[PDB]
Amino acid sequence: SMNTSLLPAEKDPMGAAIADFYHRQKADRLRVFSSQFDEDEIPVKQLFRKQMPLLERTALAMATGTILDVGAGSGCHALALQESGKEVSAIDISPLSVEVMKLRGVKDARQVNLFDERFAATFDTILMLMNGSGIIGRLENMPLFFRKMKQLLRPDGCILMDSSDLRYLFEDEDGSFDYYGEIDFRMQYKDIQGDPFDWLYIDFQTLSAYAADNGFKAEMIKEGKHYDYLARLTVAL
């Protein structure tokens, strides 16, 4: 099912990049394609940042109690939290990313899809960082997302999520303008081809509206300098 799907290692380009760098301290380029944007790269060394950006640093410092690191990748956030003495569980659908996390010393790294009906555990803080909205994919998945959050959150728990308003990319020189933040991507590493995926960017007002429609409250915590922000989502009282 869509909700339980994991990446096969043979179609796991980001995991393969991470594993090359972990095992060999060297890597080819992780290439990113899109129907909306020209071909680019995701720098691989930066996936191992200790050096994190403002919004991510802000979120880690605020994270308390039992923490879920969603889409944890190389384990950078999970390792930072462990070093603070914090309790963290990390999840990712990438098998090679989970391999690396374990070998780097993440104590509780699991290969599981956030949306899996069988994934059941509760948390005081749920971290969705590095365009944390991405995993949601499309606005039509907002109800599913908030249903899952209700299952995973302890009383007085919160979700800390960063995203970006991409409107500026879709305007002409004079500012004249599916939701524009519904992007698709596909990645390639060496001869490893990943399947295309939906990756949601969401502006704060849109996020607040969908939160309110699903029994959540959104709070702006911090703005960055490139149309980016950190929000806190909680179950509405």
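Numbering starts at 1 and follows the sequence shown.
Engineer: Are any deposited residues left out of the model between residue 177 and residue 178, and how many (none, 1 to 3, 4 to 9, 10 or more)?
Structural biologist: Missing residues, residue 177 to residue 178: 4 to 9.
Engineer: Do any residues of the deposited sequence lie unmodelled between residue 50 and residue 51, and which range holds their number: none, 1 to 3, 4 to 9, or 10 or more?
Structural biologist: Gap between residue 50 and residue 51: 1 to 3 unmodelled residues.
Engineer: Comparing 77-85 with 137-145, which stretch shows the greater average C-alpha B-factor in the deposited entry?
Structural biologist: Mean C-alpha B-factor is greater for 77-85.
Engineer: Taking the recorded C-alpha temperature factors, which stretch has the higher mean, 222-230 or 7-15?
Structural biologist: Comparing 222-230 with 7-15, the higher mean C-alpha B-factor belongs to 222-230.
Engineer: Which one of 59, 209, 200, 27 shows the top CA temperature factor in the record?
Structural biologist: Comparing C-alpha B-factors across 59, 209, 200, 27, the maximum falls on 27.
Engineer: Going by the entry, which of 67, 42, 192, 70 has the most elevated CA B factor?
Structural biologist: Highest CA B-factor of the listed options: 42.
Engineer: Compare the C-alpha B factor of residue 102 with those of the other modelled residues in its chain, then answer lowest, middle or highest third.
Structural biologist: Ranked within chain, residue 102 CA B lands in the lowest tercile.
Engineer: Classify residue 182 as lowest, middle or highest third according to the C-alpha B-factor given in the PDB entry, relative to its own chain.
Structural biologist: Ranked within chain, residue 182 CA B lands in the lowest tercile.
Engineer: Split the chain's modelled residues into thirds by Cα B-factor; is residue 124 in the lowest, middle or highest one?
Structural biologist: As the PDB entry reports it, the C-alpha B-factor of residue 124 lands in the middle third of its chain.
Engineer: Sorting the chain's modelled residues by C-alpha B-factor, tell me whether residue 159 ends up in the lowest, middle or highest third.
Structural biologist: Lowest third, going by the recorded CA B-factors of the chain.
Engineer: Would the CA B-factor of residue 204 place it in the lowest, middle or highest third of its chain?
Structural biologist: For residue 204, whose C-alpha B-factor we compare with every modelled residue in the chain, the answer is the middle third.
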